[PDB]
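# Remarks on the overall topology
Spelled out, the chains give:
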Amino acid sequence: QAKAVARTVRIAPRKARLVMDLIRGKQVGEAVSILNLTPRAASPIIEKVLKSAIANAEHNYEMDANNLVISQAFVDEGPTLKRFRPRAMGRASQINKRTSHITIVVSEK
Amino acid sequence: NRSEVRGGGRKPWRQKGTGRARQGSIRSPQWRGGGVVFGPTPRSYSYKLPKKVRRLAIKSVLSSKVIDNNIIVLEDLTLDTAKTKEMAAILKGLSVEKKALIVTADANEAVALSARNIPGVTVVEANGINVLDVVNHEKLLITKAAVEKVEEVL
Amino acid sequence: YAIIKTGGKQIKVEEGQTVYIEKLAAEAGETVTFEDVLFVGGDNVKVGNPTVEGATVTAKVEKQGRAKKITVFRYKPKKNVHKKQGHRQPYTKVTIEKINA
Amino acid sequence: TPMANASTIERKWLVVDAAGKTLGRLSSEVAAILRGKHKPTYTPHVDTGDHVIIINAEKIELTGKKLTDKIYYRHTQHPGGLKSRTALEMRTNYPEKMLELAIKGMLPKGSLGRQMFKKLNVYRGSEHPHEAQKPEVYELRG
Amino acid sequence: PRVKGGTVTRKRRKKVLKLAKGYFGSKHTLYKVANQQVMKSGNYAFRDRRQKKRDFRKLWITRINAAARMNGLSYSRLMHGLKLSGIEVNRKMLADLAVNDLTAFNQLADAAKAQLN
Amino acid sequence: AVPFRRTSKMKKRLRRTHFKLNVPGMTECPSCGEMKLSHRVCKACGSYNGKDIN
RNA sequence: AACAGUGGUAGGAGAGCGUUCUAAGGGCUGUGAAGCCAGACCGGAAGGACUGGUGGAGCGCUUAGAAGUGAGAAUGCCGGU
RNA sequence: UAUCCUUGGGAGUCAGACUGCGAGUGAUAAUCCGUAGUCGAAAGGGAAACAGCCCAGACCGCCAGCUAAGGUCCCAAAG
RNA sequence: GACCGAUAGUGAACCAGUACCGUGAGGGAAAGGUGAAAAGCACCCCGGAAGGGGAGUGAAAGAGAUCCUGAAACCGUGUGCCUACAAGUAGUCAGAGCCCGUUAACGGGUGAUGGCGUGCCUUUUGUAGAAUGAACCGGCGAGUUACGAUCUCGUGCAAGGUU
């Protein structure tokens, strides 16, 4: 098994999860092809994380490509930035700019 | 307390038009940095007992030691030199291994300065005896002259 | 196959089985005999009107203990009345060896 | 420690004719049979009844003037919708439905009651198709 | 001195939440609703521990009634005969033996009928 | 109008049942391209099942 | 032992459980203390032990004494979600 | 039959509700007084649901028995 | 010092009468902890970089810069049991089937079906209320001290007691 994690990427959870639901449990080549064809914000980030995991598996532990499957994949929440937006009649509103962690673990089938 | 914390003196905000609780000050007891309700205040814990009660107490604590032969009376105590080694040797000569209380008539500088550093030994004059000191230490050594003077006082 | 009366209740017993009943005040190891035999089954059938005449059931005692704890809690709304306590009901275990009709 | 029952039971088949017998005095007994209260292995939370087949259901009888006065109502949930039928039309046009309603009103409500009701078969006339089940005739004890 | 007051509230509150394990939704996570429900189940058990005593007598009576009506007697007549044909003290629970061994129950019914007439 | 009461986790999860994406249309690599989309160009060289363009 | 009794708001009376500090004796820790997590153990209640994981240096028992002494609600205050 | 007095220490309460029984009203169409009960401070069973009506006073456990008000064709135990 | 130990103690343990608010007098915060020692990650791989996986230092890297411990609310991944004819202050008593195996105990988890069952506090003669209050979790938050009066209990002495 090989693991790759990206911490505090400026993307809210519940948006990265939609894409991650597509590629869970599928083969590596199929997962990359799927990620290249969906026009969403989180796809380029998740593709980079997946390729980093692939490179780690090939180099450090001496594993083989064309045989790996996405054993684990999830998105967690992280630190939140708080901002303020003015509104009518001299009031204020709060805005939450959220961040997420992305984890992918590949393994030999 | 509430009237000594720096600040306050005015309504926090008018707090009207939206229906918040009618706050009166920002130093009220329930606020974050508010005053303390009651709590400690400087005072003195001390009272006194009738004189006969004190006399009876000291007599009782003195006689309790005699009951179980924890009082060792010796002819006289004399140290030419203020050496802690000499005092330790004297204590070891007797059967004194725990904390002990030395009582001497008048005041001897050599004995006071020789037994000062030993962890469990305390030196007092016949005038300075008291219930707590004698009830705390295990064995009481007293000079015969001190015995006579204590008998005379009481 | 006999119907005996003990502990203000009635049970059905055949030899070789184990039962739990109320405290018999008997130290674990001796033998108790039940006298109130109401019914006897198997082959011939005997039905005593209050009891079957001359019937005693033998058993031995091996454990006296207490059941699992039951917590009794009661309360009354709006009147600030609470009450809590615990209970462990004692019991005695016995196995039958002879119906002895 | 008594014994409950769980799926290790058998259901018999009974056939009762409704020629001459009055409505309620037969429906009550049929409902009692359906719930399974006639056997010593009764159990409240388990179906233990039998299957009841009724024949000649169109020859039922009612006492008094009820045959022209008892009225069956229903509501269609729309405003002003309240449909009514006299007992004579119910007897001469939907004979089985009257018996089904009378028996169903006598059964407990809930899941088990509605699953109990599925064991009742009502036929107008004197012919039923249930031959492979070998029905056994059963007179009304009450 | 000052007593800060920590480590005591958590220990007491955690025991309430442990008895609420298995409840539906927020009733097993939030303290206030958990305490409300554990208190309510306190006297739901006391009430039922006495209903249970009078809910098995009904079952025994129903079974005995069915078994007796299988013999031609009714429940009331059978019980009167038993109470009068001697006594044969027999709790309804132990007269439920109609289910297991039906032959003996018929003997008891025969005795009751013999005395009843 | 304001909500009368908060909504539990179960109702929210049941509401989000149909809020998901779809797997795209997968076809052959055009002119040894990289797994192009249906009725479109290859990612490599803009190829149409080997018919390169742009 | 034998009898008799044990619903309860405002209230009166009695007996107890826990938290921090001080005094003496007695003694547990780097062969793992306080704290946190889990469990199918023990008392009539408040409550108390025993095993395993984490933690990495301080804590508890018996008898007395002194209190900033026990939280579910005050359109309570502060923070997080 | 076991309650009563005197002294001394602490309280809380301060012009409640409904239903029977005997007198006087609005207009015996909501009232007044005397008397008894229950709720307030009382759970359980019956009146379909129903603080005040009927029976009856919960220390705890039992898968034992006899009864009160009310009931015995099926919901729902018993003719 | 039978005084506090970071919501406590000065408003202020930290570049505090600072930041911020107001024309002005004036009002007035939040914010401590790597390790014994920087020995603060040479070198290789993915990546534009941030961030990761190896190798290395170290007793510990799950101590890597908001860095001792890391509770609850809130957000997720995997799985054992149940769930698409069912009316619900959701719990309690009875109970099949299935899955496990404990501080061995008349054991643990789930739960088809049957019976019963109108949340908590405050106030009122009386509340299920369509009478008030609470979005949830955590911390803080209310019968004290001094001097007088009277009564109970305890101790010393006693026609005397006491500074």
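About the criteria used
- Residues numbered from 1 in each chain as written, not as in the entry; some residues may be left out.
- Chains lettered and ligands numbered in written order.
- Part of a larger assembly, values for the part shown.
- Heavy atoms only, no water.
- Residues with missing side-chain atoms left out of burial classes, pairs and counts.
- UniProt positions renumbered as here; feature names shortened; annotations may be inferred.
- Helix = DSSP H or I, 4+ residues; strand = E, 2+ residues; numbered from the N terminus.
- Rg over C-alpha atoms; globule rule 2.2 N^0.38 Å.
- Contact = heavy atoms within 4.5 Å.
- Buried < 20%, exposed > 50% of the residue type's maximum accessible area, 1.4 Å probe, protein only.
- Areas by Shrake-Rupley, 256 points an atom, 1.4 Å probe, with all protein chains shown as cover.
- Patch = residues over 30% accessible without salt bridge, like charges linked within 9 Å, V, L, I, M, F, W, Y side chains within 5 Å.
- Salt bridge = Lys/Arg side-chain N within 4 Å of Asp/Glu carboxyl O.
- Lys, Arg positive; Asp, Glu negative; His and termini not counted.
- Charge placed at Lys NZ, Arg CZ, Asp CG, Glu CD.
- Near = heavy atom within 4 Å.
- Polar contact = N/O pair within 3.5 Å; in protein donor to acceptor, adjacent residues only side chain to side chain.
- Nonpolar A, V, L, I, M, F, W, Y, C, P; charged D, E, K, R; others polar.
- Buried area = accessible area lost by both parts, 1.4 Å probe.
- Pairing = 2+ DSSP bridges.
- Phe/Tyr/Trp six-rings, centres within 6.5 Å; stacked < 30°, edge-to-face > 60°.
- Axes fitted to C-alpha atoms, helices over the stretch in contact; angles between N-to-C directions.

Looking up chain E in the PDB entry gives the name Large ribosomal subunit protein bL20, with the organism given as Bacillus subtilis subsp. subtilis str. 168. The record deposited in the PDB is entitled "45SRbgA particle in complex with RbgA and YphC. Class B". What the UniProt record of chain E gives under Subunit is the line "Part of the 50S ribosomal subunit." The Sequence similarities comment attached to chain E in UniProt states, word for word, "Belongs to the bacterial ribosomal protein bL20 family."

Per the PDB entry, chain C goes by Large ribosomal subunit protein bL21 and derives from Bacillus subtilis subsp. subtilis str. 168. Under the Sequence similarities heading, UniProt states for chain C: "Belongs to the bacterial ribosomal protein bL21 family."

### Details of the overall build of chain E
When its secondary structure is counted, chain E shows five helices and zero strands. Mapped from its N terminus to its C terminus, chain E presents α and β elements in the order α-α-α-α-α. Taken over C-alpha atoms, the radius of gyration comes to 27 Å for chain E, far larger than the 13 Å a tight globule of 117 residues would show. In terms of principal-axis extent, the alpha carbons of chain E reach across some 90 × 35 × 20 Å. For chain E, long-range pairs separated by at least 24 residues make up 45% of all intrachain contacts whose partners lie at least 6 apart in sequence.

### Re the overall build of chain C
Summing up its helical and strand segments, chain C has zero helices and ten strands in all. Taking 13 Å as the expected radius of gyration for a compact globule of 101 residues, we find that chain C reaches 19 Å, considerably beyond that expectation. Oriented by its inertia axes, the alpha-carbon framework of chain C measures out at about 65 × 30 × 20 Å. Per-residue burial for chain C yields a buried fraction of 33% across its 101 residues. Summarising the internal contacts of chain C: among those between residues at least 6 apart in sequence, 61% fall at separations of at least 24. Accessible surface, chain C as shown: approximately 6700 Å² in total, 48% of it carbon and sulfur.

### Description of a positive patch on the surface
Together, A:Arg14, F:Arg5, F:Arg6, F:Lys9, F:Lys11, F:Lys12, F:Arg13, F:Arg15 and F:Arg16 line one region of the surface with positive charge. As for its position among the elements, F:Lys12 is in helix α1 (residues 9-15).

### Some words on the protein's contact with RNA strand H
Lining the immediate environment of RNA strand H, one finds 39 residues, of which D:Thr1, D:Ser28, E:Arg49, E:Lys53 and E:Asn65 sit closest. In RNA strand H, atoms within 4 Å of the protein come from the sugar-phosphate backbone in 80% of cases. The side chain of E:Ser74 places a nitrogen or oxygen atom 2.7 Å from a phosphate oxygen of RNA strand H. Sorting the residues of the surface near RNA strand H by element identifies β8 (70-76) and β9 (81-87) of chain C, α1 (23-35) of chain D together with α2 (31-51), α3 (56-69) and α4 (75-84) of chain E as the ones contributing at least two each. When residues in the surface near RNA strand H are grouped by element, the largest group, eight residues, is from α3(E). Per-class residue counts for the surface near RNA strand H are ten nonpolar, ten polar and 19 charged.

### So, the interface of chain E and chain D
Taken together, the twelve residues of chain E in the interface contact twelve residues of chain D. Between chain E and chain D the total buried area reaches about 990 Å² when both faces are included, carbon and sulfur atoms providing 65% of it. For the interface between chain E and chain D, the tally reads zero salt bridges. In this structure, the connection of chain E to chain D is made through two residue pairs in polar contact. Taken together, the residues of the side of chain E that touches chain D sort by class into eight nonpolar, two polar and two charged.

### Comments concerning the pairing of β8(C)
Residue and element names in this part refer to chain C. The sheet contact formed by β8 and β9 spans seven bridges and is antiparallel. Residue pairing for β9: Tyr75 is matched across the bridge by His82. Between β8 and β9, which pair antiparallel in sequence order, lie four residues; one of them, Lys78, sits at a positive phi of approximately 65°.

### Looking at the packing of aromatic side chains
This structure, assessed with the given rule, holds three aromatic pairs over all chains. Taken together, a centroid distance of 6.5 Å and an interplanar angle of 55° make the contact between C:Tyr1 and C:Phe39 tilted. On the criterion of sequence distance, the pair formed by C:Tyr1 in the segment before β1 (2-6) and C:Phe39 in strand β5 (residues 37-40) is long-range, its members being 38 residues apart. Overall, the relative accessible area of 22% leaves C:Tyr1 in the partly exposed class. Overall, C:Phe39 belongs to the buried group, its relative accessible area being 4%. An angle of 45° between the planes, with centres 6.1 Å apart, marks the rings of E:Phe56 and E:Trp60 as tilted.

### Quick look at the interface of chain E and chain C
Each partner contributes to the interface: chain E provides 18 residues, whereas chain C provides 17 residues. If you list the elements that add at least two residues to the side of chain E that touches chain C, you get α2 and α5 (102-116) of chain E. Class assignment of the residues belonging to the side of chain E that touches chain C gives a composition of eight nonpolar, six polar and four charged.

### A few points about the protein's contact with RNA strand G
The immediate surroundings of RNA strand G are formed by 32 residues, with B:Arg43, C:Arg66, C:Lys69, E:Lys11 and E:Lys15 found nearest. Sugar plus phosphate: this is where 68% of the atoms of RNA strand G within 4 Å of the protein reside. A distance of 3.0 Å separates a phosphate oxygen of RNA strand G from a polar side-chain atom of E:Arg12. Counting residues per element, the ones that place at least two in the surface near RNA strand G are β9 of chain C together with α1 (9-19) and α2 of chain E. Here the surface near RNA strand G gets eight residues from one element, more than from any other, and that element is α1(E).

### Observations regarding the pattern of salt bridges
Scanning the entire structure with this criterion turns up eight salt bridges over all chains. For A:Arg24, the salt bridge is made with A:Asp21, and the minimal N-O distance between the two is 2.8 Å. Among the residues examined, A:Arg24 registers a relative accessible area of 41% and is labelled partly exposed. Among the ionic pairs, D:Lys39 bridges to D:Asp50, the shortest N-O distance being 3.1 Å. Residue D:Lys39 is found in the loop between α1 and β2 (51-55), and its partner D:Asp50 is found in the loop between α1 and β2; the two are separated by eleven residues along the sequence. Since its relative accessible area comes to 2%, D:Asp50 is described here as buried. A network of salt bridges, in which partner residues are shared, links D:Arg11, D:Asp47 and D:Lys119.

### With respect to the sheet that holds strand β4 (residues 31-34) of chain C
Residues and elements named next belong to chain C. With antiparallel pairing, four strands are arranged side by side in an open sheet as β3-β10-β7-β4. Unpaired on one side and paired on the other, β3 (18-21) and β4 mark the two borders of the sheet. Looking at each pair of strands side by side, their axes are set apart by 40° on average, direction ignored. The pairing of β3 with strand β10 (residues 90-98) spans four bridges and is antiparallel. Among the inter-strand pairings, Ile21 is bridged to a residue of β10, identified as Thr92.

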